[PDB]
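First up is the structure itself, then whatever we jot down about it.
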Ligand SMILES: [Mg+2]
Ligand SMILES: [Mg+2]
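Have a look at this one:
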């Protein structure tokens, strides 16, 4: 329902009214992956958000998942202002209210508040040559962009349920980049 | 020129290839413009959008059709009389 | 009060100076060839701000002339159109001060409660439109523009096909509407430049004044300072404007430059 | 060196990116319907300012196209025309950056030793003309402008009479010449607007492009901030221009606004 919190370890990935994880306020380091429980990652890279979702048995959305979860949001609109630091509340100098961005399914801040990293690769590739930019866990080569969905508070007309940016390498970190978790539906 | 059953798979998939391309769930290949474009039916814009894969070939596809025929050209916004879709889902054992 | 004043070519309908106070409620002031209002010519300088001569046209006042207000240019003025008053003139000033250097008081105009000035200016120091409208007839300068309660600047539609207008302002503040003209396949539009400081929520309505386009090309509508705090939103229905087989949306990026993008319209 | 390069509509004569270093001396590059030079498309992002990809057209190089330089956005570029090279195009960026709210470096062009760019722009971050000339072909936007040693910005003479061009600049510095068009009968002229900061000694050369004025009428030529430090002087010999039976001189009035005044010419 909500974008990933910084204290996902104690709160879960989806909680109302908490600091949203981004390049600056990066998420707590996953305890399943050598995190001590209070240390945070040094940036907001795709790798980091993908690590966090796994730790909670979730993944980042694919395009087909995103365009679906976020339907019902107000299209081609953005939160405006200079920040959206908190889930379910209005943003810092928001020119429109948070609930304008609420999906048919009650996904809060579905679009145009913060780009969510995705779980699909394509778009713009990096150097066609080995680069050790993976938090020191190997090297990439011709590394394609890792999708970003929805738009953030500052792409006014660009944002929406199908908004998609395929430019950022997975090692990129910015304060407009957070994440939303998904997982399968099990019927027994 | 060849009858429909020619295209039945080992698994009973009818017109499995060489009839209509099917949209896939995978992105890659030829990119769209390196500039935000509002071609999503009015649900936001897309930057450097990679193609949505299409598989199988179509009636016009000639000898290119088959179980591994794959075209990474059309962006998700494209639409033609020989682009269709086939559903797939998970297998549930309880 | 509900009076008529007619002036000939050479003169003006009203001259006020030396700290006067004029109110015109109702009635009419015409001055076909000349000015409707003139200020100064008989100087009396003073260190503290006296009654900085004020003219107020209110309760339905009609005023027409080549200029609506003509400033001498020693004295500071304070023109006010209120209560549905309507003046079509120009607002000019002397364009060289008598003593080159050291200051010169402000020329301030307030458009309020349903009023309507229709003209052009590069002489007004500070304009405040508040639930009123300025129909801008030609390229213009203003120091400090403020809007409120649905105040609007309405870039008048040129009968000359293709000719756009520019409003430059030093500082923008508050919240209002800007009706602007756009010419499609010529790829040109009325522009609005803010030079030092912009702030507040504003709205842009778009008039299709040049017929539909061959292609899809973007158009710059608003330029503002680098790290500006101002926001603009397309006022047309649904945040979009349909020009022929195309659809446009207002998107800004980088540095307070609010272009109007558009591409092929939904089938 | 002395090479020739042609490109189709869908392409470019040169594409460079990721810290490339290109020098063109002599020769020729044409792209009738495309770009002469393209920058970007293959991302490599590092915070240290490495060798910000640079192109130099020198030693009498010829270069023609629909645009002289197209920037792929979010890499910094350093275009240089020197040694009497001549390029006519346009210089464009993408309008929207890929990531809304992040650092983008500059698009910097340097016109030097006898060179000559002829085109128009609203994409160039910092242009510096020095003993060279920018023939400006349409309305334009430049961040920091800087001139030196007879660097000029020749406003191109319109074929359409009455059609004036405007150059907007964030900051102005150094010392250069501006050729500008004047339409005396219409009371209209090319304008140069500086919005944040102006300084240095500049020269304006007026061209008559709309002859025979009914009266003598002032025409705004230059607009600068508050109390700017910039001086302008009319470079037409004797500091005057005779348009029919009228003489015009340049006068700076109030807050850095240089108009061209004039009245009936001495008998
Ligand atoms: Mg995949
Ligand atoms: Mg992929």
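Protein chains in written order, with PDB author numbering: chain B, 193 to 380; chain C, 287 to 380; chain G, 306 to 572; chain H, 306 to 572.
Beta carbons are placed, not taken as given, at the ideal position from N, Cα and C, and that holds for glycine.
For this session: Sort out for me which residues DSSP pairs residue 510 of chain G with in a bridge.
Result: G:484
Problem set entry | C-beta neighbour in chain H for residue 365 of chain C, strict 9 Å | no
For this session: May I ask you to report which of helix, strand or coil DSSP gives residue 338 of chain G?
Result: strand
For this session: Give every residue of the same chain whose Cβ lies closer than 6 Å to the Cβ of residue 343 of chain G, excluding the five residues on either side of it in the sequence, and list them in chain order.
Result: 317, 320, 375
Exercise. So which residues of chain G does residue 525 of chain H contact, with C-beta pairs closer than 9 Å?
Worked result: 400, 427, 446
Problem set entry | Those residues which DSSP pairs with residue 547 of chain H across a bridge | H:552
For this session: Output yes or no for whether 9 Å exceeds the beta carbon distance between residue 217 of chain B and residue 223 of chain B.
Result: no
For this session: Would you identify the three-state DSSP class for residue 300 of chain B, choosing helix, strand or coil?
Result: strand
Exercise. Can you name, in chain order, every residue of its own chain whose Cβ lies under 7 Å from the Cβ of residue 540 of chain G, other than the five neighbours on each side?
Worked result: 482, 508, 509, 510
For this session: Would you check whether ligand 2 has a heavy atom nearer than 8 Å to the C-beta of residue 257 of chain B?
Result: no
Exercise. Which residues share a DSSP beta bridge with residue 563 of chain G?
Worked result: G:527, G:557
Problem set entry | As assigned by DSSP and simplified to three states, the class of residue 310 of chain C | strand
Exercise. What do you get for residue 300 of chain C, buried or exposed, if any count of 16 or more other CB atoms within 10 angstroms of its CB means buried?
Worked result: exposed
For this session: Could you tell me whether the Cβ of residue 360 of chain C comes closer than 9 Å to any Cβ of chain B?
Result: no
Exercise. If you compare alpha carbons, which of H:455, H:447, H:441, H:452 is closest to residue 462 of chain H?
Worked result: H:441
For this session: Please list the partners that residue 467 of chain G has in chain H, where partner means a Cβ-to-Cβ separation under 7 Å.
Result: The contacting residues do not exist; residue 467 of chain G stays about 10 Å from chain H at best.
For this session: Take every Cβ of the region 376-386 of chain G, pair it with every Cβ of the region 416-436 of chain G, and state whether three or more of those distances are shorter than 8 Å.
Result: yes
Exercise. Got a sec: which bits of the region 516-548 of chain G sit with their beta carbon under 9 Å from any beta carbon on chain H, in order along the chain?
Worked result: 523, 525, 528, 530, 531
Exercise. Of all the alpha helix (DSSP H) runs that stay within the bounds of the region 372-418 of chain G, which reach a length of 4 or more residues?
Worked result: none
For this session: Say yes only if the C-beta of residue 254 of chain B is nearer than 8 Å to one or more non-hydrogen atoms of ligand 1, and no if none qualify.
Result: yes
For this session: Use the C-beta contact count for residue 487 of chain G: other C-beta atoms within 10 angstroms, 16 or more gives buried, fewer gives exposed.
Result: buried
Exercise. So, helix, strand or coil for residue 167 of chain B, using DSSP?
Worked result: Chain B is shown from 193 up to 380; residue 167 of chain B falls before or after that span and cannot be answered.
Exercise. Between the region 321-339 of chain C and the region 352-364 of chain C, do three or more beta carbon pairs fall short of 8 Å?
Worked result: yes
For this session: Please list the partners that residue 564 of chain H has in chain G, where partner means a Cβ-to-Cβ separation under 7 Å.
Result: 400
Problem set entry | Interface flag, residue 333 of chain C vs chain G, CB-CB below 9 Å | no
Problem set entry | Within 9 Å, strictly: CB atoms of residue 371 of chain C and residue 308 of chain C | yes
Problem set entry | Sequence-distant residues of the same chain with beta carbon closer than 7 Å to residue 336 of chain B, five excluded per side | 313, 314, 315, 317
Exercise. In three-state DSSP terms, what is residue 345 of chain C?
Worked result: helix
Exercise. Among G:439, G:382, G:555, G:418, which residue has its Cα nearest to the Cα of residue 350 of chain B?
Worked result: G:555
Exercise. Cα separation between residue 518 of chain G and residue 465 of chain H?
Worked result: 22 Å
Problem set entry | Same chain, Cβ closer than 8 Å to residue 248 of chain B, neighbours up to 5 away in sequence not counted | 200, 204, 205, 373
Exercise. Hey, would you say the C-beta of residue 312 of chain C is under 8 Å away from at least one heavy atom of ligand 2?
Worked result: yes
Exercise. Of all Cβ atoms in chain G, is any one closer than 9 Å to the Cβ of residue 350 of chain B?
Worked result: yes
For this session: List the whole-angstrom C-beta distance separating residue 536 of chain G from residue 499 of chain G, where the pair is believed to meet the contact cut-off of C-beta under 8 Å.
Result: Incorrect: roughly 13 Å between the Cβ atoms, too far for contact.
Problem set entry | Backbone CA spacing between residue 332 of chain C and residue 351 of chain H [nearest angstrom] | 25 Å
Exercise. Sorry if obvious, but does the Cβ on residue 362 of chain B come closer than 8 Å to a heavy atom of ligand 2?
Worked result: no
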